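In what follows, a single structure is set out as structure tokens and then discussed.
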Amino acid sequence: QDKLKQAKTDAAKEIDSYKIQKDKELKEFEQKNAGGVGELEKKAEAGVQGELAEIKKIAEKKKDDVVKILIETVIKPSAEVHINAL
Amino acid sequence: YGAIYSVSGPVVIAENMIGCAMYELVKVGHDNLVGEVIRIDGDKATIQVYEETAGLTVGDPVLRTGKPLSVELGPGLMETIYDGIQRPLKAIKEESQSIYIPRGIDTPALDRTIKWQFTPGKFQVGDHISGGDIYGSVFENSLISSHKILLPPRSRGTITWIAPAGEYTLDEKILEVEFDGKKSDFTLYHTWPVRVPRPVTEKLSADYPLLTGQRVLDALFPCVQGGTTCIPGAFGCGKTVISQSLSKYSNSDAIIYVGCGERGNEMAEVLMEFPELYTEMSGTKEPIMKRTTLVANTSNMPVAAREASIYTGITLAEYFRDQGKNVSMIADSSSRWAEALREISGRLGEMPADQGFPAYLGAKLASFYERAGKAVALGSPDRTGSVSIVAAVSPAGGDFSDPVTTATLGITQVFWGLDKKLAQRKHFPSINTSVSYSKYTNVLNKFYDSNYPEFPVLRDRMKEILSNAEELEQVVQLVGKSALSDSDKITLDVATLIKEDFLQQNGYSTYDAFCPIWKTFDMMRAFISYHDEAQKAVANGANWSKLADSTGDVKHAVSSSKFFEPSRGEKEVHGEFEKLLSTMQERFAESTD
Amino acid sequence: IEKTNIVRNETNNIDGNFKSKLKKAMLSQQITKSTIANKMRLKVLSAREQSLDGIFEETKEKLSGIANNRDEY
Amino acid sequence: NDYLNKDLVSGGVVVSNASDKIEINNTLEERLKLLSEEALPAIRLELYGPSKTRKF
Amino acid sequence: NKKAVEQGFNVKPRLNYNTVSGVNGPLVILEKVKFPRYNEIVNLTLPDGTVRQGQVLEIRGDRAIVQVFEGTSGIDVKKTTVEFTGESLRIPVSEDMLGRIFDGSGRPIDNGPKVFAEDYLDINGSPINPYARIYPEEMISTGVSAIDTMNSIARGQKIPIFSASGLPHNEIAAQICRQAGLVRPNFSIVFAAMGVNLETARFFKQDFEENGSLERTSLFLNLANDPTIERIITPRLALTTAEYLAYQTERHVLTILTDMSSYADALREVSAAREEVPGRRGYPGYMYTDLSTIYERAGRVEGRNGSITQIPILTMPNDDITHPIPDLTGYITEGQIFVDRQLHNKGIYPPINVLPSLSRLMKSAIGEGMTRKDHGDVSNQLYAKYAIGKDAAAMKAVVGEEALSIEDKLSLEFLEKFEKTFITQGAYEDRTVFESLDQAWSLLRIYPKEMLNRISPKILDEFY
Amino acid sequence: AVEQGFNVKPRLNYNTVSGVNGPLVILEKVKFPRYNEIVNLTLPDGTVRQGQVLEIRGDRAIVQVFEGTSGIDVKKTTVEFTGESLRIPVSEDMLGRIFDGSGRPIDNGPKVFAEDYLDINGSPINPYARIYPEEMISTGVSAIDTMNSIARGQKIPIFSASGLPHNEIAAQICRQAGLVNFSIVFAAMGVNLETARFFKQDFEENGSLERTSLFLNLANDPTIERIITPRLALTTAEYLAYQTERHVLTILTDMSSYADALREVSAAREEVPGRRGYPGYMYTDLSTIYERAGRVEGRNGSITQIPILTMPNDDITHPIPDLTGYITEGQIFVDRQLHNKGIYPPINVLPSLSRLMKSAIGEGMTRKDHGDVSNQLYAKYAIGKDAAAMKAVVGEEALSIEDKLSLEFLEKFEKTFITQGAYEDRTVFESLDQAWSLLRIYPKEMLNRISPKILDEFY
Ligand SMILES: Nc1ncnc2c1ncn2[C@@H]1O[C@H](COP(=O)(O)OP(=O)(O)O)[C@@H](O)[C@H]1O
Ligand SMILES: [Mg+2]
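Protein chains in written order, with the entry's author numbering: chain A, 29 to 114; chain B, 24 to 616; chain C, 45 to 117; chain D, 176 to 231; chain E, 12 to 196, 207 to 485; chain F, 15 to 194, 207 to 485.
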């Protein structure tokens, strides 16, 4: 019957409410994932701090050698006409 | 100030004008005709003027403004009519005392005599201010209250002086910014170049529907607030009336109705009817004209001014978006803009590309339609406006294979194609349900789930019914109706009912001038329920002819549901639709029994 | 008969809603996980750009010193 | 007579022809900018070891 | 009183340029021109003494590309003398133009005097300010049911007459002129023939003379023998006269522009003479604008009691709506009256196929105040049932008459008694819009009350 | 070691500008102009724009400005000749970044710390140094994998029309492109921001931003950078696939927009048009773009180029789809009729073709019956279309028994086999089994294009 079908659907709607609670729990899990990602953001930043620690160290070790090449090139006499002009 | 070297049609090559940039506004002739530089061939600089070139003589001076074609943004425009170069037509009429637009009249775009009540914003003296930040607001009119005054983009610095609350004209200083030791004086208005789009913080995905009011447009092929739209069709199909009804009854807060290559009597009809119409928004009955501005460029006006009208309208829409208002710009005919482009290109002598339309037409259309979109404005406080572009492409010869139509469909997201076979026999809206599509249904699924959950499934059922009955109509036109099964007969009858009653919406009757979202949903529910009930009754074994004879009353009640007044309110009419469905179910059950 | 069909239909809708929410929750976790990974990569690339620009900022100071010395300028 | 800005330019010249239409910014700042934009692979190879992924 | 006289009492010498650089097609190019204008109508004197008018079209430095309306033929470099008037083409207008027959270029061929000008107005005109316009809301009872009930012509409407070559469009246009009148209360006709036959021009002139309209009609006749370049200016001259008589004189004016197909053919010839864009079917890309500057001179304006109604008479080449002239004219104008070869062959007069016909200005200008309440619903229902009749006739042709349903049979009966009794009229029969609506209600009462789905329930109850 | 990088070459700033016409800027006096040279136009407003020298006269240089010529003065504009063709800075870390149309960062990140400067036009690969791909890609789409297979290293475009889900189909192919992980180089040429956001969101959700490079040239972006974006993306792909030995899948989208940009530049140059105004050398330009896909002998790594294309009016005969079919190998045809019927993907397998399927499909590579099953499906689908046309034109009863069976097969084929929901990821073997289930509709007798041994072993 139509009335009985609605009552049976209402009973299944309780499972839908539980499914909605599970959907809300999934949203809470997504918020927990975002919160965990926020903790992972600190973890990623901690991992990034390890890598870019070498970046500062690698620069200073070979900085003065690169400047010597850069300075010698900017000033180097480069006087040559176009090939076509000859 | 350079001279004139050639005047051929709407282009004016100006000699001895070294130093004029591309798209720089110039004043060609002694009457100071406004024009834009296209080419720069050395000293010469080809100019497309936005006025009639008759009477121009070789040697007439051409002044270089040094600025691009700039629209004037601020309080004032909301309820006015413009002329593409943004010359207020009302002010022109009062100043000239003539029914014709004078050549080279230089009336200010925004009235300076009016004093606007300015209320300073949250920014105070000494607080840093960036581009697009709201430092105040003015009372434009009853409907557009608190017309938020935006600091111009590309301008930043520290507020040294801000005017207190009071009444100010547009010439008076409102705010002073010091940047790198240089003081900048800002007023209630500011000019912006129409070619360069106004900056936004970040364009967002449009998710709220643009309620056109038309049943077919709202249900079958929905459009969002921030989505581009195209309405191709021959003359008399209904693109102009669809656009006008959309401007009248849309949920958009501001309307920028742009007339390019459209007859001036349509602009007169808008100017006459919109004040009579009233908007239920803002908590009180306020005239539609208080939230609609017109950029009118009649077909007989200068050819080159159609592009200026398009850009002016879209820039006004972008400004009202940056204020946070959900705007919907409506081009009268992007196809007429494209025809103007073709005329200018042919006058120049460029390569015809396809059908004579210049090779950059597709790119220009793509840029203009990409101006639209929901976006967060540039400065604090945070706000989220939108610009929908409902542009009515008008193909030449009624064939959707025109270059302008093809480029418009490539760039747009919604196709409200119009069939002339339905334009005739007065079946407006003449939306060709077959070719028409809307790619915003997926993003509108969220809104439908929020408000009307069964809207997408009912709409899909209606589309399936219409497509199946189109196939059956081809079959019956080929080999008669004797072969069709019973369920085929019900499909054909219900689809004919849908086309005659639901899809066919008279925009000039009291009842169907504006079918709201809830009424459209109820009508789809009624028609789909009628189809389902007939299908179930026939599957139970009842003969379709006898069932139709018995349920003619129910069919007439369903077909007459379009006469229900939306003015009666959602609660009253929805009760009427529920009673209609209950009586329909009882009648079908009685007929089956 | 009708009661069983209605209950099954409601149960199917319940599963679909949970599955749709699960997909959205999983994708949103992936979006944030990739964004943090993307931000970290742009954090070290920018630092290398800062490291590179640190050398160039010094050479401008060194070049100015050369110009001051009229012996070699 | 129009000399270069002391703050922005550290040295060098900006040679131009008689019409002053064709000029060559040979200032040390401009030459350092060209070197910075054109020697990035060499600077990267000197600062950091060659990428193990990039064969050939 | 009037200060326009003071500027009139000025004499301006005109430079006679014997320097003709060259000539090609209809374009004659001058050299060493001193400060050329952009539309200065010149007086080009032939070696034989013939004086042809021409207007410059493109003016490079010390050069002006004149096109002559009568044709280059006979133009010689050594002997031609071109004088620049210094002003664009200006028609000498007055209230005395009414009752005079003019040539294609406005020269009086009525064997009478030259028009005693009251003002000189540029033929190109100016766009009417849309803020100064008034939406035409005053219905004109043309007396023919197919145009009054199915469609509807307001006072400022510019509805043309789409027709083929052999159809009686001329007889319909003359019927409208002899019967046009406000539904709820005369029209000074301004007639512009462009490339029409001598028979057509004679028919129009005789109709006006016999109906008495010639006392208030100013013909601008451009026959087929007349030069094909002044077909461009003939509608401009007639529309400038109409704009004068309407706006600056407060006279309601019917402007009948016959053979706009001939006007557009002249336009395509002029464009092809140059290196213009080919548009579609060879017509210039600017054709729409040109036809706009023609048609959009109609309409009413604020504060001036005059009005201009334009009834252009088109000649579709193959009776095709998709052709550029009908397509552009439908896009610009405010409707159309579709004269049908199918109905003409069937023997119906007027042979108006109402389905392709339309009128934008029915929406307002029909309703409860202008006419009776039922008109809009009746027209919509009549359109729907006429289309159902045509579709059911096609279905009958395809699958025999037995397969048709009761609705299809009723719709065929409605189609027959609608084309035979409602559309059909005598050449001199004028029907009041109320009588036409009553006939329409008879045709709708063919149907049962249930099938009239486009009729509002209140109107249907009050009028069935 | 590239020690030649440490070298300064001063550049000639030309203030001699004239003839600024559309996308084209003309310099009156240039000292030894170089063809295909990059210039830097410094506007009077101060903003710089790169430009490419399209043609050189004795002292002239017709420059095309990528960012457009809007605002270019003839007096205060200075043009600086860089002295070399456009070289994008490429790197291994360049993966995972979003770029503009001209290879400029968009993700608010630093400029690419260049590992080498590679020319946009690349170099012409020795045909003797190429490898025939013969390595099928399990694209996960039934209508593709089963009937028009894609081999790793095959330039197979997706022919589509306006409004069709070509973006969705290409995003699906990119998301699920394992062999029977891929790096991705995505080039957006004039696509709308909605499409660009869809592609970026889908890549990020699938987890592709770790190994992808987007060159987004939106519709609002200048219309001449569509000429340069595919070349930048393709040389990035060439780097990533040949020098870093990765497997790159290039998804150049709106090649129709690229061809419109070409026509716009060609029209401004006032040269001999060709067909529909598109430049006569459009075949050469499209071949230069497309032919940068495949495998090389020494280096294991490929560019599985999939250039999405949009037919202006769903017409193959249009110059862009026609030349793309001429050069690019294969084609995936997205059908407006199928999309209107509601099928996803709306791939029409009659125009869809793959030249490398016959060699990358079957004989133990995927399964023994792949090629014969795909031939049978194509033949019976063509029979079904012809029978549907015949049943529409004439009476249904006039159709033969085979025609009626083929109509039933066509229904069950469009509605079940081609119809594939997004994220379904059908294996090639599962698609073959489903295709056989479709082929079991017919009696064994009329499966004529199936080899009898396979017919006995799989029916
Ligand atoms: N929704 C509608 N309701 C009633 N009439 C309509 C509707 N849409 C269009 N029309 C009719 O179509 C006619 C033609 O106007 P329209 O086709 O909109 O102009 P255009 O040719 O520019 O599209 C109008 O007279 C109007 O009466
Ligand atoms: Mg219109």
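Beta carbons: idealized from backbone N, C-alpha and C, even for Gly.
Query                                                                                                                   : Result
Closest by C-alpha distance to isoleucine 167(B), when choosing among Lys90(B), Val350(B), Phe202(B)                    : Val350(B)
Rounded straight-line distance, which links the Cα of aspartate 555(B) to that of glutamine 608(B)                      : 11 Å
DSSP three-state assignment for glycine 159(B), whether helix, strand or coil                                           : strand
Contact under 8 Å by Cβ, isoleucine 128(B) with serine 119(B)                                                           : yes
Spatial distance of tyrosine 307(F) from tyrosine 284(F) (CA atoms)                                                     : 14 Å
Proximal chain B residues relative to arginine 223(F), where beta-carbon distance stays under 9 Å                       : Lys226, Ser228
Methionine 150(E): CB within 7 Å of a non-hydrogen atom of ligand 1                                                     : no
Host alpha helix (DSSP H) of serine 473(B) (start-end)                                                                  : 464-473
DSSP three-state assignment for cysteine 253(B), whether helix, strand or coil                                          : strand
Beta-carbon separation (whole angstroms), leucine 269(B) vs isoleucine 353(B), contact threshold 8 Å                    : 7 Å
Beta carbon of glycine 320(E) nearer than 8 Å to that of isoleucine 86(E)                                               : no
Listed by chain order, chain B residues near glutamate 290(E) by CB distance under 7 Å                                  : The premise fails here: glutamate 290(E) is roughly 17 Å from chain B at the closest Cβ pair, so nothing lies under 7 Å.
Whole-angstrom distance between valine 34(E) and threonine 83(E), CA atom to CA atom                                    : 8 Å
Neighbour flag for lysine 84(A) against chain C, beta carbons, 8 Å                                                      : yes
Start and end residues, alpha helix (DSSP H) containing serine 78(C)                                                    : 46-112
Given 8 Å, three or more beta-carbon pairs between the stretch 364-382 of chain F and the stretch 420-438 of chain F    : no
Proximal residues to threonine 270(F) (C-beta, below 7 Å), its chain only, five neighbours per side dropped             : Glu106
Contact with chain A by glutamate 93(C), beta-carbon distance below 8 Å                                                 : no
Touch test, the stretch 394-408 of chain E against the stretch 466-473 of chain B, Cβ-Cβ under 8 Å, three pairs minimum : no
Exposed unless 16 or more other CB atoms sit within 10 angstroms - verdict on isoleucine 111(A)                         : exposed
Partners in chain D for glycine 19(F), counting only beta-carbon separations shorter than 7 Å                           : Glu213, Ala214, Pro216, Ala217
Contact set for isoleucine 112(F): own chain, Cβ-Cβ below 7 Å, skip 5 residues either direction                         : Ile120, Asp121, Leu240, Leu242
Where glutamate 264(F) falls, given that 16 or more other Cβ within 10 Å makes a residue buried                         : buried
Under 8 Å between C-beta atoms of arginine 74(F) and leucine 100(F)                                                     : no
heavy atom of ligand 1 below 7 Å from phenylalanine 451(B) C-beta                                                       : yes
Collapsed DSSP secondary structure at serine 477(E) in the structure displayed                                          : coil
Any chain D beta carbon closer than 8 Å to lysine 96(A)                                                                 : no
Rounded Cβ spacing between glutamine 74(C) and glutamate 317(F) (contact assumed at less than 8 Å)                      : With a Cβ gap of about 36 Å, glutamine 74(C) and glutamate 317(F) do not count as contacting.
Local Cβ density within 10 Å of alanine 418(F), reported as buried at 16 or more and exposed below that                 : exposed
Burial state of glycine 63(A), where buried means 16 or more other Cβ atoms lie within 10 Å                             : exposed
Heavy atom of ligand 2 within 7 Å of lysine 41(A) beta-carbon                                                           : no
Selected residue, minimal CA-CA separation from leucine 80(A), among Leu86(C), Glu46(C), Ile99(C), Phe100(C)            : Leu86(C)
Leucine 86(C) at chain F interface by Cβ criterion, 8 Å                                                                 : yes
For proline 103(F), the residue or residues it bridges with in DSSP                                                     : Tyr131(F)
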